[PDB]
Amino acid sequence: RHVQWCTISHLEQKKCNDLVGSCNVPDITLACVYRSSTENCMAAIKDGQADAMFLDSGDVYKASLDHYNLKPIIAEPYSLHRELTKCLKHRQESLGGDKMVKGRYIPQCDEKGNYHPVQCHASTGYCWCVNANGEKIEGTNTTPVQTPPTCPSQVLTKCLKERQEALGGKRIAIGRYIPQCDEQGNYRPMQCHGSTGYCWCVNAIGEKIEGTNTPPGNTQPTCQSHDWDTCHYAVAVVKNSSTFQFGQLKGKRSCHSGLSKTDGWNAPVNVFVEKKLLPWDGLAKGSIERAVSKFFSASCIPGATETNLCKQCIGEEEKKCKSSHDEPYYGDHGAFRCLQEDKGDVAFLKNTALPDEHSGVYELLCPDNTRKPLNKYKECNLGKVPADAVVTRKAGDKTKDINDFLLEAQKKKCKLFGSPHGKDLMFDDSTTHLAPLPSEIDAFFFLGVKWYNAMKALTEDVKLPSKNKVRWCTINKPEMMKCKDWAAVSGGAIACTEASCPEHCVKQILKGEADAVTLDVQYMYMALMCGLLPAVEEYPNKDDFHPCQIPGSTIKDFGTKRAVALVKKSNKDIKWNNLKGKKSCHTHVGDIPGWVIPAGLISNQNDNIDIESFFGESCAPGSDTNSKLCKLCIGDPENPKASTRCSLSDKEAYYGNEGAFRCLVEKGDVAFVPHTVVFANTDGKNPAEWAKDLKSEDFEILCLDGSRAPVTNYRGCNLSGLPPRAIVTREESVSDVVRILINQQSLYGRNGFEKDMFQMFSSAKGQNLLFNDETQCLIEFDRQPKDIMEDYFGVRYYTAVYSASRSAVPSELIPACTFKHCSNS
């Protein structure tokens, strides 16, 4: 296997060439491909001439556009603020679950708040080993009959690991730095070198604070404790021999890391525009670069075309002003060098390129027109900037090879992150670890919506869409056509977009491409984790139309289904707590009332043991035919050769709500179904023979507390009620979407004033297009002061299906859409 790294300069090619020699990764061979600039490497990766390079966040954005179609795959992790430990968060969530779901696992945390490596389930006596994330090591379950397993100690903290590694087996790495750790195992804020006498500050994860390095014999530095803000900061660095302030920059000479860099271009320019130091607001006044050419007298801005913006660079011949180290003033350290050599009056870079030493001739130019010392960048800066990232082709044909190589090179301690030949070659010299990004991340989710739009805003006038119009997202062609019919009558309040599926609609809404979509329950966990909110919900209750006629009035019964455990009045010995091994009937695999809710509760109370093994003989269409979940099934439509048992079809006699009812009455101890199935097929409501004369009073429903009740009390004796379907949108668009939909509904709902013009809740083009056809009306979501998960799902459903946890991953989009960002206010 090979990885071809694209380099942008001779220095970097030489360093990459050194790694080809010095770094030995079995099975994966590195190679180095030279191009003359960041942009020529981007094109090489797009063409397959190379596979990977490291890019500044600004170029990550540029590379994500159709010209190059690259995506970020690997980056250094960062932190915004101190967080609860996972174990303590987990305890809090599980303890907040529905107390009526008894016997749930509550994690055991240690005196540092981490997971004990041995975890146990009180009500079942099972124990198992966990990793530091609290995830079970599969295959370590031991039963109460046995003693608790022996589990490897948890991995050490970075500091204690780095301490042990620095000791490297010996009694002391004599003459070498050994980190000093606190009791929680984080880095002490002040670190000192035990041989040179130098001291400096680090943040809680051990990154050095620039401007704090102090030689022995000087007053100790002042170090902040509990510093978990590890985002990088754009800064303007000046010499203390000058005296102008930030607002007096017009006409000065400047050094920038580069035209396409966030710290060298986007962050300063954004501030120039907000302060009105640049006469410029939109693409009507020209290009940003041209306006910047009028602002400064002479600069070095690698990659610029305007002449005075290259005037201060010092690259030889065609190398002058290239986005490449062949230009000595390129990049963070190049712009600092340009200040240091007095080609500029100010350099624009980020805190990680500031001098380490406290004492010296440099300080920061704050945008509030004061100056502050190097180590105050957190209060003297031009904004946090995004992380930088390794990129490859969107297709991801080499992603695994690139990740594997960098993981092994780092394990082996290869010299990735420094070099004799120069600074920031291949990777930033400040980098300490590169980790894989979420598999579905793209530039939008990596940079985050604020920096993504801010960088877009410099390249084109972004016309923000009207708050008086809802762009509805459709998932198939008939929906799109119903939506074009709505738009035609809507007077412009409705417009349409198209996507392949509900999750891509969620993505469009996150990215500002659509405004609203109706979601099945099964997509709501993903949509709420990504940060959308219910705006209105589908009210399905055919009996009481009062909530629709007089909106706002309190709702007696929302009308959603209730999942119940149905058994015969005869079978008196079956309770909830003894269903194990019995014979059960399920509408079909994947049904929420017939399967998801039952499977969730069983997993919750039996250590995630397969619902397949929990029951003896059961019928659940959609399972394997040789499995015990199909043995009770029959099929026999026309009693044909291919009776299609467990068929997910009406060819299976036991499929669906009625079908699960048959399976119970004929050969079953329990059926999992909506609370309506029994009534719908007893009291002779079903003319068929098996249901004829069945009567409702002959059955009852199991309650979670072991008791029972008659089928009529499904509201107080159910496995869980389902929440209604919801129309979701962005938080800041909820009020608009509510306002527009409730107006549309006054015209085109079931009692709409113009319901002859258009009907929201039906169509000739197909069934349940945009909304479910049985919707009575849409009702504004009355947001409560609680976790939205519990607010939207209801506590019972939340804990039964998701263990009342924010950590389930039913869609691979969740890690990408919850990725945290380095954004400003």
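The first residue of the sequence shown is number 1, and the count goes up from there.
Exercise. For the C-alpha atoms alone, is the average B factor greater in 136-144 or in 68-76, going by the entry?
Worked result: So the stretch with the higher mean C-alpha B-factor is 136-144.
Exercise. 80-88 versus 462-470: which one carries the higher mean Cα B factor per the record?
Worked result: According to the entry, 462-470 carries the higher average C-alpha B-factor.
Exercise. Among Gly217, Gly282, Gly194, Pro373, which residue carries the highest C-alpha B-factor recorded in the PDB entry?
Worked result: Answer for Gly217, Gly282, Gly194, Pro373: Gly282, with the highest C-alpha B-factor.
Exercise. Highest Cα B-factor in the PDB entry belongs to which of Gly303, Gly396, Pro152, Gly752?
Worked result: Within the set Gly303, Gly396, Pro152, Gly752, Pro152 shows the top C-alpha B-factor.
Exercise. If you rank every modelled residue in this chain by C-alpha B factor, which third holds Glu207: lowest, middle or highest?
Worked result: Ranked within chain, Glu207 CA B lands in the lowest tercile.
Problem set entry | Chain-relative CA temperature factor third for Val25 | CA B-factor rank for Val25: highest third.
Exercise. If you rank the chain by CA B-factor, which third does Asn381 end up in: lowest, middle or highest?
Worked result: For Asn381, the deposited C-alpha B-factor lands in the lowest third.
Exercise. Considering only modelled residues of the same chain, in which third does the CA B-factor of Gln312 rank: lowest, middle or highest?
Worked result: For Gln312, whose C-alpha B-factor we compare with every modelled residue in the chain, the answer is the middle third.
For this session: Would you mind ranking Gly422 by its C-alpha B-factor against the rest of the chain and naming the third, lowest, middle or highest?
Result: Its C-alpha B-factor, which the entry lists for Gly422, ranks in the middle third among residues of this chain.
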